[PDB]
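Have a look at structure34.cif; it's mmCIF, C-alpha atoms:
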```cif
data_protein
#
loop_
_atom_site.label_atom_id
_atom_site.label_comp_id
_atom_site.auth_asym_id
_atom_site.auth_seq_id
_atom_site.Cartn_x
_atom_site.Cartn_y
_atom_site.Cartn_z
CA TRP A 1 13.60 -44.71 -88.59
CA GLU A 2 14.91 -48.25 -88.88
CA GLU A 3 18.73 -48.38 -88.85
CA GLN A 4 20.11 -47.52 -92.30
CA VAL A 5 23.18 -48.38 -94.36
CA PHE A 6 24.90 -46.01 -96.83
CA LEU A 7 25.03 -47.66 -100.22
CA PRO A 8 27.65 -45.89 -102.35
CA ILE A 9 26.55 -45.63 -105.98
CA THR A 10 29.65 -46.24 -108.13
CA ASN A 11 30.50 -47.86 -111.48
CA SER A 12 31.52 -51.09 -109.67
CA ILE A 13 28.52 -52.05 -107.54
CA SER A 14 26.54 -55.16 -108.48
CA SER A 15 23.50 -56.99 -107.19
CA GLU A 16 24.32 -60.34 -105.57
CA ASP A 17 21.97 -63.25 -104.96
CA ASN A 18 19.34 -62.73 -102.27
CA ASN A 19 18.96 -59.08 -101.18
CA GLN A 20 22.70 -58.28 -101.23
CA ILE A 21 24.70 -55.64 -103.05
CA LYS A 22 28.43 -56.05 -103.59
CA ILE A 23 29.99 -52.59 -103.25
CA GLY A 24 33.44 -53.94 -103.99
CA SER A 25 35.79 -56.80 -103.20
CA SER A 26 35.80 -56.03 -99.46
CA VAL A 27 32.28 -54.62 -98.86
CA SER A 28 28.86 -56.30 -99.16
CA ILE A 29 25.57 -54.81 -97.99
CA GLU A 30 22.25 -56.54 -97.27
CA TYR A 31 18.98 -54.63 -97.44
CA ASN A 32 15.65 -55.37 -95.84
CA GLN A 33 13.17 -55.99 -98.67
CA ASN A 34 10.32 -54.82 -96.42
CA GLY A 35 12.33 -52.23 -94.47
CA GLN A 36 11.63 -48.48 -94.43
CA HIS A 37 14.29 -46.76 -96.54
CA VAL A 38 15.28 -43.10 -96.11
CA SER A 39 16.12 -42.82 -99.81
CA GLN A 40 12.92 -43.12 -101.83
CA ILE A 41 11.69 -43.48 -105.40
CA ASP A 42 8.29 -42.33 -106.65
CA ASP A 43 6.66 -40.95 -109.82
CA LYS A 44 8.99 -37.88 -109.64
CA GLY A 45 12.25 -39.86 -109.41
CA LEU A 46 14.85 -40.61 -106.74
CA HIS A 47 14.87 -38.74 -103.39
CA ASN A 48 16.96 -38.27 -100.24
CA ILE A 49 20.46 -38.86 -101.52
CA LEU A 50 23.32 -38.55 -99.00
CA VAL A 51 26.41 -36.61 -100.11
CA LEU A 52 29.36 -37.64 -97.98
CA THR A 53 31.88 -34.78 -98.26
CA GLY A 54 35.52 -35.19 -97.09
CA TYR A 55 35.39 -38.80 -98.42
CA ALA A 56 36.44 -40.71 -101.54
CA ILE A 57 35.87 -44.40 -102.36
CA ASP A 58 38.46 -47.07 -103.09
CA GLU A 59 36.36 -48.28 -105.99
CA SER A 60 37.83 -51.78 -106.21
CA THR A 61 37.36 -52.60 -102.49
CA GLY A 62 34.15 -50.62 -101.95
CA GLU A 63 35.51 -48.90 -98.83
CA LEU A 64 35.13 -45.19 -98.21
CA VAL A 65 38.30 -43.27 -97.31
CA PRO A 66 38.41 -40.00 -95.38
CA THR A 67 40.50 -37.60 -97.46
CA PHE A 68 40.22 -34.42 -95.38
CA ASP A 69 39.41 -32.47 -98.56
CA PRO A 70 35.89 -30.98 -98.34
CA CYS A 71 35.67 -30.81 -102.14
CA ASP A 72 35.83 -34.66 -102.20
CA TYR A 73 32.53 -36.52 -101.94
CA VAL A 74 30.83 -39.82 -102.51
CA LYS A 75 27.03 -39.96 -102.92
CA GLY A 76 24.74 -42.85 -102.06
CA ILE A 77 21.33 -43.89 -100.87
CA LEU A 78 20.27 -44.75 -97.37
CA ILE A 79 18.29 -47.96 -97.10
CA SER A 80 17.17 -50.27 -94.29
CA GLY A 81 19.87 -52.88 -94.04
CA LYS A 82 23.37 -53.60 -92.83
CA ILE A 83 26.99 -54.07 -93.82
CA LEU A 84 27.48 -57.87 -93.93
CA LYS A 85 31.14 -57.85 -94.91
CA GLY A 86 33.52 -54.97 -94.33
CA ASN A 87 34.33 -52.43 -91.64
CA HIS A 88 31.39 -50.29 -90.60
CA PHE A 89 31.30 -46.94 -88.85
CA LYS A 90 27.95 -46.18 -87.23
CA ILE A 91 26.39 -42.75 -86.75
CA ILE A 92 23.80 -43.00 -83.96
CA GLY A 93 20.69 -40.82 -83.82
CA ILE A 94 21.93 -37.86 -85.85
CA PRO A 95 19.27 -35.21 -86.55
CA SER A 96 18.35 -35.65 -90.19
CA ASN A 97 18.52 -31.86 -90.61
CA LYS A 98 22.27 -32.21 -89.86
CA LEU A 99 22.93 -34.50 -92.81
CA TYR A 100 23.90 -33.46 -96.32
CA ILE A 101 20.84 -34.88 -98.09
CA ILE A 102 19.85 -33.74 -101.60
CA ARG A 103 16.56 -34.11 -103.53
CA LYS A 104 14.92 -33.98 -100.08
CA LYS A 105 11.49 -35.61 -99.64
CA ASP A 106 9.69 -36.03 -96.31
CA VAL A 107 12.88 -36.25 -94.20
CA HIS A 108 12.41 -35.86 -90.49
CA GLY A 109 13.59 -36.98 -87.11
CA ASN A 110 16.73 -38.81 -86.16
CA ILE A 111 18.61 -41.31 -88.31
CA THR A 112 21.04 -44.06 -87.32
CA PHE A 113 23.17 -45.25 -90.24
CA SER A 114 26.40 -47.10 -91.01
CA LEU A 115 29.14 -46.40 -93.61
CA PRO A 116 31.61 -48.91 -95.14
CA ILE A 117 35.11 -47.53 -94.27
CA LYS A 118 38.82 -48.43 -94.44
CA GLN A 119 45.14 -44.18 -89.24
CA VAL A 120 44.70 -43.20 -92.85
CA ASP A 121 47.59 -43.23 -95.33
CA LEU A 122 47.19 -40.70 -98.14
CA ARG A 123 50.75 -40.98 -99.47
CA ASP A 124 51.12 -41.52 -103.19
CA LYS A 125 47.38 -41.56 -103.89
CA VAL A 126 45.23 -39.64 -106.36
CA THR A 127 41.56 -38.77 -106.00
CA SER A 128 39.60 -38.32 -109.21
CA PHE A 129 36.20 -37.09 -110.15
CA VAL A 130 34.14 -39.90 -111.69
CA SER A 131 30.72 -39.86 -113.33
CA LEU A 132 28.56 -42.92 -113.98
CA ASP A 133 29.03 -44.62 -117.34
CA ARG A 134 25.61 -44.49 -119.01
CA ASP A 135 25.38 -48.24 -119.67
CA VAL A 136 26.34 -48.93 -116.02
CA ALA A 137 23.72 -46.41 -114.81
CA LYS A 138 21.08 -48.48 -116.65
CA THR A 139 22.30 -51.67 -114.91
CA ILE A 140 22.20 -49.78 -111.59
CA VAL A 141 18.55 -48.91 -112.23
CA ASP A 142 17.59 -52.36 -113.63
CA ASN A 143 19.62 -54.59 -111.30
CA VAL A 144 19.93 -52.51 -108.12
CA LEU A 145 17.18 -49.90 -107.61
CA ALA A 146 14.60 -52.18 -109.28
CA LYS A 147 15.46 -54.90 -106.75
CA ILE A 148 15.52 -52.71 -103.63
CA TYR A 149 12.42 -50.78 -104.74
CA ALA A 150 10.82 -53.64 -106.74
CA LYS A 151 7.17 -52.82 -105.98
CA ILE A 152 7.41 -49.07 -106.57
CA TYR A 153 9.56 -49.57 -109.69
CA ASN A 154 7.23 -52.13 -111.28
CA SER A 155 4.36 -49.65 -110.77
CA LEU A 156 6.15 -46.95 -112.83
CA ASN A 157 5.37 -46.32 -116.49
CA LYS A 158 8.11 -45.90 -119.10
CA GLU A 159 8.45 -42.12 -118.73
CA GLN A 160 8.79 -42.51 -114.97
CA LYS A 161 11.39 -45.30 -115.24
CA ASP A 162 13.38 -43.12 -117.67
CA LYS A 163 13.20 -40.23 -115.16
CA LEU A 164 14.81 -42.53 -112.56
CA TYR A 165 17.55 -43.42 -115.06
CA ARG A 166 18.14 -39.74 -115.84
CA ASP A 167 18.26 -39.00 -112.08
CA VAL A 168 20.86 -41.74 -111.53
CA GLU A 169 23.04 -40.51 -114.38
CA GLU A 170 22.73 -36.84 -113.27
CA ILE A 171 23.34 -37.30 -109.57
CA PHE A 172 25.88 -40.00 -108.85
CA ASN A 173 29.21 -38.41 -109.60
CA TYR A 174 31.87 -39.24 -107.01
CA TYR A 175 35.56 -39.09 -106.15
CA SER A 176 37.56 -42.31 -106.19
CA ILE A 177 40.98 -42.68 -104.64
CA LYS A 178 43.75 -44.85 -106.06
CA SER A 179 47.42 -45.52 -105.28
CA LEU A 180 49.84 -44.41 -108.00
CA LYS A 181 52.67 -46.86 -107.22
CA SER A 182 50.87 -49.93 -105.93
CA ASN A 183 47.96 -52.11 -107.08
CA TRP B 1 57.82 -32.07 -92.31
CA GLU B 2 58.10 -33.47 -88.79
CA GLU B 3 54.86 -35.14 -87.68
CA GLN B 4 52.24 -32.61 -86.58
CA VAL B 5 49.35 -32.45 -84.13
CA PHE B 6 46.15 -30.45 -84.60
CA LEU B 7 45.81 -28.16 -81.64
CA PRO B 8 42.25 -26.91 -81.37
CA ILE B 9 41.90 -23.28 -80.30
CA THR B 10 38.94 -22.84 -77.93
CA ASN B 11 37.93 -20.70 -74.97
CA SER B 12 39.04 -23.51 -72.61
CA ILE B 13 42.65 -24.18 -73.65
CA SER B 14 45.58 -23.20 -71.44
CA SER B 15 49.32 -23.63 -71.06
CA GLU B 16 50.37 -26.32 -68.57
CA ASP B 17 53.72 -27.24 -67.02
CA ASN B 18 56.61 -28.41 -69.28
CA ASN B 19 55.74 -27.79 -72.93
CA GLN B 20 52.04 -28.81 -72.69
CA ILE B 21 48.76 -27.25 -73.76
CA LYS B 22 45.64 -28.52 -72.02
CA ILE B 23 42.81 -28.57 -74.54
CA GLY B 24 40.31 -29.98 -72.03
CA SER B 25 39.90 -32.60 -69.30
CA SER B 26 40.56 -35.52 -71.68
CA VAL B 27 43.14 -33.95 -74.01
CA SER B 28 46.61 -32.51 -73.53
CA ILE B 29 49.13 -31.81 -76.29
CA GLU B 30 52.91 -31.55 -75.98
CA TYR B 31 54.78 -29.32 -78.44
CA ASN B 32 58.38 -29.91 -79.41
CA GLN B 33 60.22 -26.72 -78.47
CA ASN B 34 62.63 -27.09 -81.41
CA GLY B 35 60.12 -28.70 -83.78
CA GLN B 36 59.19 -27.26 -87.17
CA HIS B 37 55.55 -26.18 -87.07
CA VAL B 38 53.25 -26.00 -90.09
CA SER B 39 51.37 -23.10 -88.51
CA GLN B 40 53.66 -20.10 -88.23
CA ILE B 41 53.96 -16.58 -86.92
CA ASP B 42 55.87 -13.70 -88.45
CA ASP B 43 55.80 -9.90 -88.75
CA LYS B 44 52.47 -10.14 -90.64
CA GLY B 45 50.73 -12.38 -88.06
CA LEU B 46 49.52 -15.99 -87.95
CA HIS B 47 49.60 -18.36 -90.94
CA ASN B 48 48.47 -21.84 -92.02
CA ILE B 49 45.43 -22.41 -89.86
CA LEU B 50 43.53 -25.67 -90.45
CA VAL B 51 39.75 -25.54 -90.70
CA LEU B 52 38.58 -29.00 -89.71
CA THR B 53 35.09 -29.32 -91.22
CA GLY B 54 32.61 -32.08 -90.29
CA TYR B 55 33.79 -31.85 -86.68
CA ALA B 56 32.70 -30.02 -83.55
CA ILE B 57 34.56 -29.94 -80.18
CA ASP B 58 33.42 -31.13 -76.76
CA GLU B 59 34.85 -28.01 -75.22
CA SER B 60 35.02 -29.34 -71.63
CA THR B 61 36.92 -32.58 -72.55
CA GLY B 62 38.86 -31.12 -75.49
CA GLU B 63 37.89 -34.05 -77.75
CA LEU B 64 36.99 -33.62 -81.43
CA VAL B 65 33.70 -35.24 -82.47
CA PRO B 66 32.79 -36.19 -86.09
CA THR B 67 29.32 -34.77 -86.64
CA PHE B 68 28.86 -35.66 -90.32
CA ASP B 69 27.56 -32.12 -90.77
CA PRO B 70 29.69 -30.19 -93.27
CA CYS B 71 28.67 -26.87 -91.67
CA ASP B 72 30.37 -27.76 -88.35
CA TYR B 73 34.07 -26.97 -88.02
CA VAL B 74 36.82 -26.47 -85.49
CA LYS B 75 39.86 -24.32 -86.31
CA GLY B 76 43.36 -24.93 -85.13
CA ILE B 77 47.07 -24.84 -85.55
CA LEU B 78 49.36 -27.59 -86.74
CA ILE B 79 52.54 -27.91 -84.70
CA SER B 80 55.31 -30.45 -84.19
CA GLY B 81 54.31 -32.34 -81.06
CA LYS B 82 52.33 -35.24 -79.58
CA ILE B 83 48.87 -35.95 -78.17
CA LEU B 84 49.96 -36.84 -74.62
CA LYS B 85 46.47 -37.40 -73.34
CA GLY B 86 43.42 -38.56 -75.29
CA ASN B 87 42.98 -40.87 -78.23
CA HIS B 88 44.45 -39.93 -81.62
CA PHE B 89 43.65 -40.36 -85.30
CA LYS B 90 46.76 -40.11 -87.52
CA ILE B 91 46.71 -38.94 -91.17
CA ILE B 92 49.92 -39.86 -93.05
CA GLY B 93 51.44 -37.77 -95.81
CA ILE B 94 48.37 -35.99 -97.10
CA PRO B 95 49.31 -33.51 -99.84
CA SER B 96 49.27 -30.12 -98.13
CA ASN B 97 47.27 -28.60 -101.01
CA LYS B 98 44.31 -30.92 -100.24
CA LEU B 99 43.90 -29.58 -96.70
CA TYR B 100 41.54 -26.72 -95.82
CA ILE B 101 44.30 -24.35 -94.73
CA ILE B 102 43.74 -20.59 -94.52
CA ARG B 103 46.17 -17.65 -94.24
CA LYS B 104 48.50 -19.82 -96.34
CA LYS B 105 52.24 -19.06 -96.31
CA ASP B 106 54.69 -21.35 -98.17
CA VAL B 107 52.44 -24.43 -97.94
CA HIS B 108 54.09 -27.25 -99.93
CA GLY B 109 54.80 -30.98 -99.80
CA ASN B 110 52.78 -33.34 -97.68
CA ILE B 111 51.86 -33.46 -94.05
CA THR B 112 51.47 -36.17 -91.46
CA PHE B 113 49.23 -34.98 -88.58
CA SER B 114 47.18 -36.38 -85.70
CA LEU B 115 43.78 -35.31 -84.37
CA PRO B 116 42.51 -35.75 -80.80
CA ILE B 117 39.33 -37.80 -81.18
CA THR B 118 34.84 -48.20 -81.09
CA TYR B 119 33.82 -47.21 -84.67
CA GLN B 120 30.75 -45.15 -83.82
CA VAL B 121 29.64 -41.65 -82.92
CA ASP B 122 26.67 -41.17 -80.66
CA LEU B 123 24.92 -37.91 -81.59
CA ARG B 124 21.69 -38.61 -79.67
CA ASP B 125 20.81 -35.75 -77.27
CA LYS B 126 23.50 -33.52 -78.87
CA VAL B 127 23.47 -30.13 -80.58
CA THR B 128 26.40 -28.13 -82.04
CA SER B 129 26.58 -24.38 -81.62
CA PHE B 130 28.77 -21.63 -83.02
CA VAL B 131 31.24 -20.14 -80.55
CA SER B 132 33.64 -17.22 -80.91
CA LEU B 133 36.68 -16.54 -78.73
CA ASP B 134 36.27 -14.20 -75.83
CA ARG B 135 38.79 -11.33 -76.22
CA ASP B 136 40.23 -11.79 -72.74
CA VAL B 137 40.86 -15.41 -73.72
CA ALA B 138 42.38 -14.59 -77.14
CA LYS B 139 44.84 -12.38 -75.23
CA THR B 140 45.74 -15.14 -72.79
CA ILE B 141 46.01 -17.53 -75.76
CA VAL B 142 48.61 -15.25 -77.39
CA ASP B 143 50.41 -14.43 -74.13
CA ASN B 144 50.42 -17.95 -72.56
CA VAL B 145 50.16 -20.38 -75.52
CA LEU B 146 51.45 -18.87 -78.77
CA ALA B 147 54.13 -16.97 -76.87
CA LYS B 148 55.43 -20.30 -75.55
CA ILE B 149 55.11 -22.35 -78.75
CA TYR B 150 56.62 -19.56 -80.90
CA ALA B 151 58.74 -17.97 -78.12
CA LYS B 152 61.75 -17.11 -80.33
CA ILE B 153 59.77 -15.39 -83.11
CA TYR B 154 57.30 -13.87 -80.64
CA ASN B 155 60.08 -12.35 -78.53
CA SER B 156 61.56 -10.89 -81.77
CA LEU B 157 58.29 -9.10 -82.66
CA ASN B 158 57.71 -5.47 -81.70
CA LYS B 159 54.62 -4.46 -79.69
CA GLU B 160 52.39 -3.69 -82.68
CA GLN B 161 53.28 -6.98 -84.38
CA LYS B 162 52.52 -8.87 -81.12
CA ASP B 163 49.17 -7.07 -80.99
CA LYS B 164 48.47 -8.01 -84.67
CA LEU B 165 48.81 -11.69 -83.67
CA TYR B 166 46.16 -11.11 -81.01
CA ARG B 167 43.75 -9.47 -83.50
CA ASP B 168 44.36 -12.38 -85.88
CA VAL B 169 43.60 -14.92 -83.15
CA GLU B 170 40.45 -12.99 -82.18
CA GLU B 171 39.16 -12.85 -85.74
CA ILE B 172 40.14 -16.30 -86.94
CA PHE B 173 39.35 -18.68 -84.14
CA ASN B 174 35.76 -19.66 -83.87
CA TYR B 175 34.35 -23.12 -83.83
CA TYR B 176 31.45 -25.42 -83.27
CA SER B 177 30.95 -26.74 -79.78
CA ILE B 178 28.94 -29.96 -79.18
CA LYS B 179 26.75 -30.04 -76.05
CA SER B 180 24.70 -32.99 -74.83
#
```

structure tokens encoding of this file:
Amino acid sequence: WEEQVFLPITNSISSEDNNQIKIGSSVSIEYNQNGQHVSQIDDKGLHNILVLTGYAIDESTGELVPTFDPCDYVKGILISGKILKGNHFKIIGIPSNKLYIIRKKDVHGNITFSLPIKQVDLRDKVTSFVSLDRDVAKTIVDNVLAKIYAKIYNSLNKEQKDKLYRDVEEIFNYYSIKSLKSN
Amino acid sequence: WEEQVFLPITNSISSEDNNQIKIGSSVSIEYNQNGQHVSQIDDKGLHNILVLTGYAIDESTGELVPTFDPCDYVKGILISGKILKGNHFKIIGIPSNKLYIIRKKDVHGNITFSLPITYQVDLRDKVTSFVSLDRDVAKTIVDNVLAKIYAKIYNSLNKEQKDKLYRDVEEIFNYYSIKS
């Protein structure tokens, strides 16, 4: 596998000009348009989604935060690419069978991947379960997945594209962390 | 709460001179003799054990490794003290109710604690395996570690209550060990 980057799927991500995805104010990811991505779309929908448990996301900055609560998670896709702006933590050559991957499709071998992260201070902070707004999920499919997986996506018929939308809306719930007394 | 340290309980830990527990060749932890410990002993046994999931231990060095596998864990006690040897990762004022604590007794408020751990983990040529405590070692852990950390309560326990602590330690402490 080519080196991968974890792209958190939240309500705040946006496509940026030229193969880049803004995760938040502090995190931007580039993807390789012709790279081999672990997460995959096909005529059956989206596959190989990573569930990062013990983590929440600071939604405004785009940085994952370790919360030490196993019931916290953030989900995302793994794609060939790199963190261009932001702190990255790299996992090197982990057996793919070790990872918490759902909707598994043809996963095998060892994966190297990086996460956007940022001592941890959990004073005065609340973590909340968030689901994707349904309008934003459509923009995620039309502006994000359709750019990363342009060729596959353009090959899909309407029923298949709607399956991908349903998948995105079903799957990408997450926990976001926020400070109660500071902004 | 005074600041805590996560003390992993493995087959390789031992008491060392002047208020220290050697976890392995890279990690030693000092306990404050008059500190207030989150983990506690009483006439019903051991309480407030932390299950650190997503981590396995390099048992020889004593260092905790993030494995990004939710099925790996290392169990341990939280005590007032310091990581004297080895690098540390400090969590500040996490609400106690968010932590994966078992055998809970009067868990409230929030907890600052440190874990014995540049921005990568190398899991190539590595496999984690489940390990349980050898009974001979659980006994030495009670007699030489817990009996020093909790000397005043331990000395106040009768024989059967001391032995309950040992059965608790035996049953509770198992962990994932990472081997290259």

> Please, which residues of chain A lie no more than 12 Å from chain B when the count uses only C-alpha atoms, and can they be set out as JSON, numbers by chain?
Replying inline: {"A": [50, 51, 52, 53, 54, 55, 65, 66, 67, 68, 69, 70, 71, 72, 73, 87, 88, 89, 90, 91, 92, 93, 94, 95, 96, 97, 98, 99, 100, 101, 109, 110, 111, 112, 113, 114, 115, 116, 117, 118, 119, 120, 121, 122, 123, 124, 125, 126, 127]}

Store the residues of this selection in a file with C-alpha atoms, as a short mmCIF file (atom, residue, chain, number, x, y, z; two decimals), keeping the file's coordinate frame.
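Written output follows (out-v9.cif):
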```cif
data_model
loop_
_atom_site.label_atom_id
_atom_site.label_comp_id
_atom_site.auth_asym_id
_atom_site.auth_seq_id
_atom_site.Cartn_x
_atom_site.Cartn_y
_atom_site.Cartn_z
CA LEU A 50 23.32 -38.55 -99.00
CA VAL A 51 26.41 -36.61 -100.11
CA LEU A 52 29.36 -37.64 -97.98
CA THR A 53 31.88 -34.78 -98.26
CA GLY A 54 35.52 -35.19 -97.09
CA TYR A 55 35.39 -38.80 -98.42
CA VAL A 65 38.30 -43.27 -97.31
CA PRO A 66 38.41 -40.00 -95.38
CA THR A 67 40.50 -37.60 -97.46
CA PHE A 68 40.22 -34.42 -95.38
CA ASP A 69 39.41 -32.47 -98.56
CA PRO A 70 35.89 -30.98 -98.34
CA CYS A 71 35.67 -30.81 -102.14
CA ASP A 72 35.83 -34.66 -102.20
CA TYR A 73 32.53 -36.52 -101.94
CA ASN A 87 34.33 -52.43 -91.64
CA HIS A 88 31.39 -50.29 -90.60
CA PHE A 89 31.30 -46.94 -88.85
CA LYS A 90 27.95 -46.18 -87.23
CA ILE A 91 26.39 -42.75 -86.75
CA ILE A 92 23.80 -43.00 -83.96
CA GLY A 93 20.69 -40.82 -83.82
CA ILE A 94 21.93 -37.86 -85.85
CA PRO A 95 19.27 -35.21 -86.55
CA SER A 96 18.35 -35.65 -90.19
CA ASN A 97 18.52 -31.86 -90.61
CA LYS A 98 22.27 -32.21 -89.86
CA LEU A 99 22.93 -34.50 -92.81
CA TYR A 100 23.90 -33.46 -96.32
CA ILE A 101 20.84 -34.88 -98.09
CA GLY A 109 13.59 -36.98 -87.11
CA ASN A 110 16.73 -38.81 -86.16
CA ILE A 111 18.61 -41.31 -88.31
CA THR A 112 21.04 -44.06 -87.32
CA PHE A 113 23.17 -45.25 -90.24
CA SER A 114 26.40 -47.10 -91.01
CA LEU A 115 29.14 -46.40 -93.61
CA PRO A 116 31.61 -48.91 -95.14
CA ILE A 117 35.11 -47.53 -94.27
CA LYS A 118 38.82 -48.43 -94.44
CA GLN A 119 45.14 -44.18 -89.24
CA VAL A 120 44.70 -43.20 -92.85
CA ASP A 121 47.59 -43.23 -95.33
CA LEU A 122 47.19 -40.70 -98.14
CA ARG A 123 50.75 -40.98 -99.47
CA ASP A 124 51.12 -41.52 -103.19
CA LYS A 125 47.38 -41.56 -103.89
CA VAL A 126 45.23 -39.64 -106.36
CA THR A 127 41.56 -38.77 -106.00
#
```

> Expanded to explicit residues, what is the PyMOL selection byres ((chain A and resi 8) around 7) for this file, as JSON, numbers by chain?
Replying inline: {"A": [6, 7, 9, 10, 74, 75, 76, 77]}

>> Can you spell out as a list in words the set of residues that the PyMOL selection byres ((chain B and resi 15) around 6) selects in the structure I just provided?
In response: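 Given this file, the PyMOL selection byres ((chain B and resi 15) around 6) evaluates to residues 14, 16, 21, 144 and 145 of chain B.
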
>> Can you translate the PyMOL selection byres ((chain B and resi 105) around 9) into the concrete residues it hits in this file, as a ChimeraX atom specification?
In response: /B:39-40,47-48,102-104,106-107

> What is the distance between atom CA of residue 28 of chain A and atom CA of residue 79 of chain A, in Å to one decimal?
Replying inline: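 Atom CA of residue 79 of chain A lies at a distance of 13.6 Å from atom CA of residue 28 of chain A.
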
> Which of these residues is nearest to residue 143 of chain A, using all atoms listed in the file: A:173, A:2, A:165, A:60?
Replying inline: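 Result for the nearest residue to residue 143 of chain A: A:165.
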
> Expressed in Å to a single decimal, how great is the separation between atom CA of residue 101 of chain B and atom CA of residue 140 of chain B?
Replying inline: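 According to the coordinates, atom CA of residue 101 of chain B and atom CA of residue 140 of chain B are separated by 23.8 Å.
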
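Of note, atom CA of residue 183 of chain A and atom CA of residue 136 of chain A are spaced 23.6 Å apart.
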
Edge lengths and centre in Å to one decimal, as lines of an AutoDock Vina configuration file, of the axis-aligned box that encloses all listed atoms of segment 131-142 of chain B with 5 Å added on every side?
```
center_x = 39.9
center_y = -15.7
center_z = -76.8
size_x = 27.4
size_y = 18.8
size_z = 18.2
```

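Residue nearest residue 57 of chain B, chosen from B:169, B:137, B:27, B:41 and counting all atoms listed in the file: B:27.
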
>> Let me make sure I understand: among A:147, A:37, A:163, A:138, which one has the smallest atom-to-atom distance to residue 82 of chain A if we use all atoms listed in the file?
In response: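 Checking each candidate against residue 82 of chain A, we get A:37 as the closest.
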
>> Could you check which residues have any atom within 9 Å of (12.3, -44.5, -113.5), counting all atoms listed in the file with coordinates taken straight from the file, and then list them as a PyMOL selection string?
In response: chain A and resi 41-46+141+153+156-167

Requested write-out: C-alpha atoms of the selected residues, as a PDB file, in the coordinates of the input:
```pdb
ATOM      1  CA  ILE A  41      11.690 -43.480-105.400  1.00  0.00           C
ATOM      2  CA  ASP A  42       8.290 -42.330-106.650  1.00  0.00           C
ATOM      3  CA  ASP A  43       6.660 -40.950-109.820  1.00  0.00           C
ATOM      4  CA  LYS A  44       8.990 -37.880-109.640  1.00  0.00           C
ATOM      5  CA  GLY A  45      12.250 -39.860-109.410  1.00  0.00           C
ATOM      6  CA  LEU A  46      14.850 -40.610-106.740  1.00  0.00           C
ATOM      7  CA  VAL A 141      18.550 -48.910-112.230  1.00  0.00           C
ATOM      8  CA  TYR A 153       9.560 -49.570-109.690  1.00  0.00           C
ATOM      9  CA  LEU A 156       6.150 -46.950-112.830  1.00  0.00           C
ATOM     10  CA  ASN A 157       5.370 -46.320-116.490  1.00  0.00           C
ATOM     11  CA  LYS A 158       8.110 -45.900-119.100  1.00  0.00           C
ATOM     12  CA  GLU A 159       8.450 -42.120-118.730  1.00  0.00           C
ATOM     13  CA  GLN A 160       8.790 -42.510-114.970  1.00  0.00           C
ATOM     14  CA  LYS A 161      11.390 -45.300-115.240  1.00  0.00           C
ATOM     15  CA  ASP A 162      13.380 -43.120-117.670  1.00  0.00           C
ATOM     16  CA  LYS A 163      13.200 -40.230-115.160  1.00  0.00           C
ATOM     17  CA  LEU A 164      14.810 -42.530-112.560  1.00  0.00           C
ATOM     18  CA  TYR A 165      17.550 -43.420-115.060  1.00  0.00           C
ATOM     19  CA  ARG A 166      18.140 -39.740-115.840  1.00  0.00           C
ATOM     20  CA  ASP A 167      18.260 -39.000-112.080  1.00  0.00           C
TER      21      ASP A 167
END
```

> Residues at most 9 Å from residue 164 of chain B, counting only C-alpha atoms, excluding those fewer than 5 positions away in the same chain, as a VMD selection string?
Replying inline: chain B and resid 43 to 46 159 169
